Amino acid sequence: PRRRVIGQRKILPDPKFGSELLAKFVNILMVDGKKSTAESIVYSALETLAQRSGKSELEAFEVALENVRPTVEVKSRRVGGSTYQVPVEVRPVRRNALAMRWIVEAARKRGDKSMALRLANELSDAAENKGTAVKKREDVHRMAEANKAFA
Amino acid sequence: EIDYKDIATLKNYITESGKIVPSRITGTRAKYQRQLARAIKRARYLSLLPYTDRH
Amino acid sequence: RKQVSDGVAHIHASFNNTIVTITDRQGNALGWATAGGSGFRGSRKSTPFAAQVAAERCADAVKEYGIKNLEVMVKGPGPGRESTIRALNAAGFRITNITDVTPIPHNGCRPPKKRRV
Amino acid sequence: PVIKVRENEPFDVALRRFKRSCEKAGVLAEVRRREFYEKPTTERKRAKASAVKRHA
RNA sequence: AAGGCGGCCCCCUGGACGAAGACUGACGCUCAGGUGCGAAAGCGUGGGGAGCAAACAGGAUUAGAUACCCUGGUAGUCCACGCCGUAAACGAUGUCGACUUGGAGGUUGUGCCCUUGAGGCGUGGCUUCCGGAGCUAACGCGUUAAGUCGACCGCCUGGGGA
């Protein structure tokens, strides 16, 4: 968008819980336009990640997101002929997007049997402040603290 | 009639750090500005005026 | 390590680095910290953030002396001229005076030649 | 550019006053001017160009 | 006069300008050859040497880097006395004189007026920018002419070789 100011598309709420967060999570987990295949995975993972804790589902999902949500990230910049990394503050919508994308890529990089099990384990790890999604968030925060001088 | 001994008058044409103010700021004639510069330098020599704000 | 309560913060703000030295009223140094010695090399060293953290670490090198009121003498054109002053005020210090003591030659020695970069 | 922080003034206004005084004194411009040698022909040409562009 | 000349003080010293007069009475202008002055670099002798910095050394960059950049660094830069006599030594515009609409400034004298004022109005010297006629191939110059003339001098005759 050189000049384009752009609005926002209408995302439908989740059929089971009525959450836009879960709808976007299903959208991020979906491949090849297979929304019904992704919804079953997300629902099975949320169910399995419900009995473990005890705070229903949506609450457990938000607890897992709270540990993967990055507050500050670095933006590459080419000014002084070299790699400038200015730590910029992340917006809440981009915060949720990054958290969900990291959780999905971390669950797909697992050795469990089904994607539902991988998701359940990744979300349980995130709620316990461990895993590879929390690892990536700490990596990003580390890279931001290193370049804090370039704010 | 600018006298290097008239420190009360010379202090009006120097900044807080002791530097001479330009003639564009005070709007004084070029001739009397040259006389003022000479008088301020002489008064700096006689230690009646400071060279700088340090010493 | 006795109590002073009257210090001077000598800030040497060069283009490539920033050196903060806290001395007593007479001029005897009590502690010092630099931008290059605080974990910054190359491009990060000549930044106001490096000067700020250097002023933070230098204020910790004098906590055993119990300084309450200290002066600020800034010298140099480099960055960190005001960043170090802010980092010193934020460290629980009563800034009493701020003074610029950058050396100005009255047309004295000949400076180096221009860089044809 | 000596700044004495007078009573009943916060630190921030004293720092801004110090910056204003050091810029009105022109110490940074001078120390940036004196770091490299400028030939007499170069400074004369620069002064002439500045006096010419100060005509608008 | 040009090259140039920049803290302050003293000693010696040249030129320019202005006011009102007095004086000499063409004593003037230009000038081949001649003579003198002539930035910087350079040379000789004797000093001095902080900073800077040809050469030089090392570190980088690079395909190479005998360079730009970085760390040092000798001559030199400084002083006295001689030599050198060259520069884009330029206004790329020889000197002297006369005449030709203007505007805004700068700098330095001088005169007049309840001096109202740091005022206004005249009158000289030098100086910056714009611009009219005119001139120019054009750019532009334009009362400080590259306009209209006069005196004398220097110089040019296709590009290289040179």
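Keep in mind that the numbers below use all heavy atoms, side chains included, and drop hydrogens, waters and symmetry copies. First the proteins, then the strands, lettered A, B, ... as listed; each starts at 1.
- Look at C99(E): its Watson-Crick or wobble partner, with both distances under 3.5 angstrom, is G147(E).
- Between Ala25(D) and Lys19(B), the shortest heavy-atom contact is O-NZ, 3.6 Å.
- Taking a cutoff of 4.0 Å between a charged side-chain nitrogen and a carboxylate oxygen, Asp3(B) and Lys5(B) qualify as a salt bridge.
- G7(E) makes up no base pair with any nucleotide shown, lacking Watson-Crick or G-U wobble contacts both under 3.5 Å.
- In this strand, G97(E) stacks onto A98(E); the six-membered rings sit under 5.5 Å apart at an angle under 30°.
- Looking only at atom types and distance, the side chain of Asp100(C) has a donor-acceptor partner in the side chain of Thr102(C) under 3.5 Å away.
- Taking the charged nitrogens against the carboxylate oxygens, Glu38(D) and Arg46(D) do have a contact shorter than 4.0 Å, which makes a salt bridge.
- Taking the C1' atoms as reference points, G48(E) lies 30 Å from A87(E), given to the whole Å.
- Comparing the start and finish of the helix from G102(E)-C130(E) to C113(E)-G119(E), five pairs each, the helix axis swings through 10°, to the nearest 10 degrees.
- At a threshold of 4.0 Å, the pair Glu122(A)-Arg108(A) does not count as salt-bridged, since none of the basic side-chain nitrogens sits closer than that to a carboxylate oxygen.
- A 3.5 Å limit on both hydrogen-bonding distances identifies no Watson-Crick or G-U partner for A26(E).
- A north sugar is assigned to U136(E): the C1'-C2'-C3'-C4' torsion is positive, on the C3'-endo side.
- In this structure, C90(E) makes no Watson-Crick or G-U wobble pair, since no nucleotide meets both defining distances under 3.5 angstrom.
- Nucleotides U61(E) and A118(E) fail the pairing criterion: they make neither a Watson-Crick nor a G-U wobble pair with both donor-acceptor distances under 3.5 Å.
- Among the atoms of the strands shown, none is found under 4.0 Å from any heavy atom of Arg54(D).
- Just one of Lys135(A), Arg137(A), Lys136(A) meets the side chain to side chain donor-acceptor pair (under 3.5 Å) condition when paired with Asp139(A); it is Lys135(A).
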Output one line per pair: protein atom, nucleotide atom from nucleotides 2-10 of chain E, and distance, for all N/O pairs under 3.5 Å.
unit_1 : atom_1 : unit_2   : atom_2 : d
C9(E)  : OP1    : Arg42(B) : NE     : 3.0
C9(E)  : OP1    : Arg42(B) : NH2    : 3.1

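- With a 3.5 Å ceiling on both atom-pair distances, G64(E) lacks any Watson-Crick or G-U wobble partner.
- Using a 3.5 Å distance cut-off with no hydrogens or angles, the side chains of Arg52(A) and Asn121(A) do pair a donor with an acceptor.
- For the pair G142(E) and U143(E), the rule of 5.5 Å between ring centres and 30° between base planes classifies them as not stacked.
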- Once each nucleotide of nucleotides 51-73 of chain E is scored for protein heavy atoms under 4.0 Å, what B/S/- sequence comes out, 5' to 3'? BSSS-------------SSS---
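- Under the 5.5 Å centre and 30° plane thresholds, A53(E) does not stack on its strand neighbour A54(E).
- Neighbours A118(E) and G119(E) form no stacked pair of bases, judged on six-membered rings against the 5.5 Å and 30° limits.
- For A41(E), there is no paired nucleotide, since no Watson-Crick or G-U wobble pair has both relevant distances below 3.5 Å.
- Using a 4.0 Å cut-off between charged side-chain N and carboxylate O, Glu30(D) and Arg33(D) make a salt bridge.
- Shown here for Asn67(A) and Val134(A), the closest heavy-atom pair between the two residues is O-CG2, 4.0 Å.
- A151(E) and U95(E) make a Watson-Crick or G-U wobble pair, with both donor-acceptor distances under 3.5 Å.
- Taking a pair to require two hydrogen-bonding distances under 3.5 Å in either a Watson-Crick or a G-U wobble arrangement, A50(E) remains unpaired.
- The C1'-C2'-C3'-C4' torsion of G85(E) is negative. Its sugar is therefore classed as south.
- In a base pair of the Watson-Crick type (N1 to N3 plus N6-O4 or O6-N4) or a G-U wobble (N1-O2 and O6-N3), with each distance short of 3.5 Å, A75(E) is matched with no nucleotide.
- Using P as the reference atom, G140(E) and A133(E) are 15 Å apart when rounded to the nearest Å.
- Contact record, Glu82(C) with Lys19(D): OE1-NZ, 2.9 Å, taken as the closest heavy-atom pair.
- For the pair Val8(C) and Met73(C), the tightest heavy-atom approach, listed with the atom from each and the gap, is CG1-CG, 3.9 Å.
- Base stacking between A26(E) and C27(E) is absent, since the six-membered rings fail either the under 5.5 Å centre distance or the under 30° plane angle.
- Between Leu10(B) and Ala43(B), the closest heavy-atom pair is CD1-CB, 3.9 Å.
- Base orientation at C27(E) is syn, since its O4'-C1' glycosidic dihedral falls within 90° of 0.
- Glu35(D) approaches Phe15(C) most closely through the heavy-atom pair OE1-CE1, 3.7 Å.
- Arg44(B) comes within contact range of no nucleotide atom at all, as no heavy-atom separation falls under 4.0 Å.
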